[PDB]
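Enquirer: Please read through the structure below; I'll follow up with questions.
Neighbour counts run over all protein chains shown; Cβ positions are idealised from the backbone, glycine included. Please treat every number below as a calculation from the coordinates, not as lab data.
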Amino acid sequence: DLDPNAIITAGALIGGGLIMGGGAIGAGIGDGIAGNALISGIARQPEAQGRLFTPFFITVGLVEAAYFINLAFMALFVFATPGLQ
Amino acid sequence: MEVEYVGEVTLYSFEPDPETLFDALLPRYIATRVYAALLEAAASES
């Protein structure tokens, strides 16, 4: 038989897995690198923290927004699957 | 130059590295001290 909807769901689940895996890798690595920069900057300068948080927040936002877009589209994939009949 | 350790009182950044700067600076410090001695002796001579 191989009900078509079963194949659709399997493909959607694998696609969501890929979306989330890539999003997690990107978010983790980017946040780690930005935090590395922040920690080094604060280590060099005690009071730098106040002004360094601003660019660090910009970077964290730019990375986390990309990750959460992938989150939303995975939710789309596994809950409202395009092309499902 | 015996190293004198005074107890205590944003760290500096050193380009390229502190070791090279120290190596290039010690001879300059010795020359500066010799110059100070020469000036001091000139004043004493006058």
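Enquirer: Any chance the stretch A:25-37 includes a residue that's closer than 23 Å to A:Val78 by Cα, surrounded by 13 or more Cβ atoms within 10 Å (Cβ to Cβ) and not hydroxyl-bearing (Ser, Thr, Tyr)?
Expert: yes
Enquirer: While we're here: Restricting the stretch A:39-52 to residues that are surrounded by 14 or more Cβ atoms within 10 Å (Cβ to Cβ) and part of a helix (DSSP H, G or I), which is farthest from the other protein chains (Cβ to nearest Cβ)?
Expert: For the stretch A:39-52, the residue satisfying everything is A:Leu52.
Enquirer: If you take the residues of the stretch A:14-38 that are closer than 30 Å to B:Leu11 by Cα and β-branched (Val, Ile, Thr), which of them is nearest to the other protein chains (Cβ to nearest Cβ)?
Expert: In this case the residue turns out to be A:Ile33.
Enquirer: Quickly run through the stretch B:1-24 and pick out the residues that are under 14 Å from the mean Cα position of the chain (by Cα) and under 30 Å from A:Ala48 (Cα atoms).
Expert: Selection gives B:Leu21, B:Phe22.
Enquirer: Right, next: Any residue that is of a type in the set (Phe, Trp, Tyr), farther than 22 Å from A:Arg44 by Cβ and away from every other protein chain (no Cβ under 14 Å) - is there at least one of those in the stretch B:19-26?
Expert: No: zero hits.
Enquirer: For A:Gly61, which of the numbered conditions (1) under 20 Å from the mean Cα position of the chain (by Cα); (2) closer than 21 Å to A:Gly15 by Cβ; (3) surrounded by fewer than 16 Cβ atoms within 10 Å (Cβ to Cβ) fails to hold?
Expert: (2)
Enquirer: Sticking with this one: Against the condition β-branched (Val, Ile, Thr), farther than 30 Å from A:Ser40 by Cβ, more than 14 Å from chain A (Cβ to nearest Cβ) and surrounded by 10 or more Cβ atoms within 10 Å (Cβ to Cβ), how does B:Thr32 come out, does it pass?
Expert: Here the answer is yes, as B:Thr32 does meet what is asked.
Enquirer: Take the stretch B:5-18 and flag every residue that is among the β-branched types (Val, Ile, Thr) and more than 14 Å from every other protein chain (Cβ to nearest Cβ).
Expert: Matches in the stretch B:5-18: B:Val6, B:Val9.
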